[PDB]
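[1] Just the first chains of my complex for now:
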Amino acid sequence: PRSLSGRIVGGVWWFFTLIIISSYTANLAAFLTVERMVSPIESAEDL
Amino acid sequence: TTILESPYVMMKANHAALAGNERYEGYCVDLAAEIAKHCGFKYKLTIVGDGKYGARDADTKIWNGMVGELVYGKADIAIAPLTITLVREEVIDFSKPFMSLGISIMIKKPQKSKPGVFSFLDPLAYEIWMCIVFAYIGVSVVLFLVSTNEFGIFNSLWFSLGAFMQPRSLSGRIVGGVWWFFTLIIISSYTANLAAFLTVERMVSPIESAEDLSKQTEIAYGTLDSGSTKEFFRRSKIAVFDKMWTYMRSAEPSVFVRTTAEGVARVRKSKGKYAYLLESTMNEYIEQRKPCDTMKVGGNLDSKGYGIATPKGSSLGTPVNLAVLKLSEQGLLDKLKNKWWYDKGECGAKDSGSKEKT
């Protein structure tokens, strides 16, 4: 129940994992965004 | 002699306040000065009367346009986008090509942003939706083994509810944890991936070559009702171009247009349902004109080329010929084209994509 001791532990640990999974999601979005940014050499100006 | 055809020869802005050669401006206007400089001679730019290029009426057997004014001594030289054809090479002299071209394809700029529920099945692949469902029942069955025939049905429906996502039996406990970590990664992947298309959002186009126009029918296409472009497909014995002509020959309504302006308008008002076939030179120029909603796709269908025309057995013959070769090697020809097509253009293609947002 409301065991304040281990209670804040579950809360802080939750806030901890929240940040991590958010970071993973954000970063993973960037790896696909940049993956598209890489434009193939279509013309000479690209070289 | 020359013809009024943008952007080769055009009337300058304040042409009414000017006279002589200063009245005109364009690719050929500059090309004239260059040729005259290397051949050493003064010249007077004049526009052809009938405003035609160079054809031969079958009946009267009379030449018209610039090619005509050359054969009948009206002009000394022709500096314009005059195509080097066999029928003309017989009556006049053509210098080496100062600009190689051909027949190209013009379509509407793919601004495709339709609904299509298929933009939701793309982020997460159909193959992935499947496996996530197989593993879905693959967990509801493993949990089902953790907990007489009906007792198994009520439980299988309970584990299916423990499946439809949201004590300390270590066995099935780590199953719920691992399955949670599994779905966590997937939903994170879906979210991240979905962010990508809506961020970059680069457009794609169906038709890449001429063979693509023949393999499909959804997108209609045609040429000018009269000209070498239309007569090309009609007489062409090439595989691809043959089928294309067969289609256009009996396509209803008429896929042929009266003028080049009508053709472009048809492409801009068909939402990408109509393609227009025309000379690459004029096409490339159109792409650099507002509202910048047209683009050339794929390479040319044939190899042509314009040249400086001079009366058969003329004195300017050899000189001009060499002059053209000299200009091209000095990259002066390429420079001139860039000046009137892209530099003077109103549509920086890579700049219009760098300056467009959503």
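    That came through, no problem. Numbers count the residues shown, from 1 in each chain, chains lettered A, B, ... in the order given.
[2] Could you use CA atoms for every contact and neighbour count after this?
    Noted.
[3] Residue A:30 and chain B: what is the separation?
    In this view, residue A:30 and chain B are 8 Å apart by CA to the nearest CA, to the nearest Å.
[4] same check, this time on residue A:18
    From residue A:18 across to chain B, the span is 11 Å (CA to the nearest CA).
[5] Can you say which helix or strand has that residue in it?
    Using DSSP states H and E, residue A:18 maps to helix A:4-37.
[6] what's the angle between that helix and helix B:170-197?
    In terms of direction (axes from the mean of the first three to the mean of the last three CA atoms, to 10 degrees), helix A:4-37 departs from helix B:170-197 by 40 degrees.
[7] Could you list the buried residues of helix A:4-37?
    Neighbour-count burial for helix A:4-37, with 16 or more other CA atoms under 10 Å in any protein chain shown as criterion, is recorded at A:25, A:26, A:28, A:29, A:30, A:32, A:33, A:36.
[8] Contacts only, for whichever residue of chain A sits closest to chain B.
    Closest residue of chain A to chain B, CA to the nearest CA: residue A:29 (3.9 Å). With contacts defined as CA atoms under 8 Å, 6 or more residues apart in numbering or on different chains, residue A:29 is in contact with B:189, B:191, B:192, B:193, B:195, B:196.
[9] Determine which two of the buried residues of helix A:4-37 are furthest apart.
    Farthest apart among the buried residues of helix A:4-37 by CA to CA are A:25 and A:36. That separation is 17.2 Å.
[10] Chain C comes next; put it on the structure above:
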Amino acid sequence: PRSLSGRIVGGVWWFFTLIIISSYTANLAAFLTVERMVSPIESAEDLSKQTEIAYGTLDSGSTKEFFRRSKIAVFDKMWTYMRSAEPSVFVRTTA
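    Next up, chain C placed on what we already have:
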């Protein structure tokens, strides 16, 4: 408890809201990603690499004559643009 009827309702509704909140998050990211993409005009090379923001000089003076005669890479392109930019990117006075 395990009322199969309303059970799948809670599951499907959960999958529904999952997609929406994921869409909101993803979409909100593109608007912030592009918001950063917009780079402020820092150097002169930035004026040549883009076209959205027009630019010009005084119609007469060493400033204008500079770009015209400049054989430097960046300044060259800049002049090419201003030389044929419409409407006129050049002004009469500094004011």
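[11] that older thread, measure how far the helix holding residue A:18 is from the centre of its chain, please.
    Mean-position distance between helix A:4-37 and its chain equals 6 Å (CA atoms, centre = their mean, to the nearest Å).
[12] Next: stretch A:32-42.
    20 Å.
[13] And the contacts of it?
    Here stretch A:32-42 has contacts from A:47, B:192, B:193, B:195, B:196, B:197, B:199, B:200, using CA under 8 Å, 6+ apart.
[14] Span of it from start to end?
    In stretch A:32-42, first residue to last residue: 21 Å (CA to CA, to the nearest Å).
[15] One more: stretch A:32-47?
    OK, stretch A:32-47 end separation, CA to CA: 23 Å.
[16] do stretch A:30-44 as well
    End-to-end distance for stretch A:30-44, by CA to CA: 28 Å.
[17] And that stretch, how far out from the chain middle?
    Its chain's C-alpha centre and that of stretch A:30-44 lie 21 Å apart, by CA atoms, centre = their mean.
[18] do stretch A:32-47 as well
    The answer for stretch A:32-47 is 24 Å, by CA atoms, centre = their mean.
[19] The following sequence is to be added as chain D:
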Amino acid sequence: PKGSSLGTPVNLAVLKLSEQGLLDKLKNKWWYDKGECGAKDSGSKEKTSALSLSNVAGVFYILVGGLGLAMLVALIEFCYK
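    Okay, chain D now, added to the rest:
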């Protein structure tokens, strides 16, 4: 050679061949028709848009592995009892 007899004739011949599409035909004969690669060109007609299964697959194996680990922990529990 400069001032040759074959000069004009050959010139016209080239123009005639091109208009008859004979030149384009010849090129197609030796470049594409006689070519050995219409396979890498038929696949270059198109590659498509979105995500792959590869990455997602790695997370599937770790899942089944977890299920198997549990199926193992389950058996032992019933044995001790």
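[20] Please re-evaluate the buried residues of helix A:4-37 in the presence of chain D.
    A:25, A:26, A:28, A:29, A:30, A:32, A:33, A:36.
[21] which residues does the residue nearest the centre of chain D contact?
    With distances taken as CA atoms, centre = their mean, chain D has residue D:43 as the residue nearest its mean C-alpha position (3.1 Å). With contact set as CA under 8 Å, 6+ apart, residue D:43 has no partners.
[22] Next, find the distance separating it from chain B.
    Distance, residue D:43 to chain B, by CA to the nearest CA: 13 Å.
[23] Return the distance of that residue relative to chain C.
    Counting by CA to the nearest CA - residue D:43 and chain C are separated by 32 Å.
[24] gap between that residue and residue B:125?
    20 Å.
[25] What of residue D:75?
    In terms of CA to CA, residue D:75 sits 36 Å off from residue B:125.
[26] which SSE is residue D:15 in?
    helix D:7-19.
[27] Would you indicate which residues of the helix or strand just after that helix are buried?
    Next in sequence after helix D:7-19, counting helices and strands by DSSP H and E, comes helix D:22-28. Buried residues in helix D:22-28, counting neighbours by 16+ other CA under 10 Å, are found at D:23, D:24.
[28] Output helix D:22-28 as PDB - backbone C-alpha positions only.
    What follows is helix D:22-28, C-alpha atoms only, in PDB (Å, rounded to 0.1, in the frame of the first residue of the first chain):
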ATOM      1  CA  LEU D  22      18.200   3.100 -87.800                       C
ATOM      2  CA  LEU D  23      20.900   4.700 -85.600                       C
ATOM      3  CA  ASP D  24      18.800   4.400 -82.500                       C
ATOM      4  CA  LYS D  25      18.000   0.800 -83.500                       C
ATOM      5  CA  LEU D  26      21.600  -0.100 -83.800                       C
ATOM      6  CA  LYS D  27      22.500   1.300 -80.400                       C
ATOM      7  CA  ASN D  28      19.600  -0.600 -78.800                       C
END
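[29] That's all I had, so thanks and see you.
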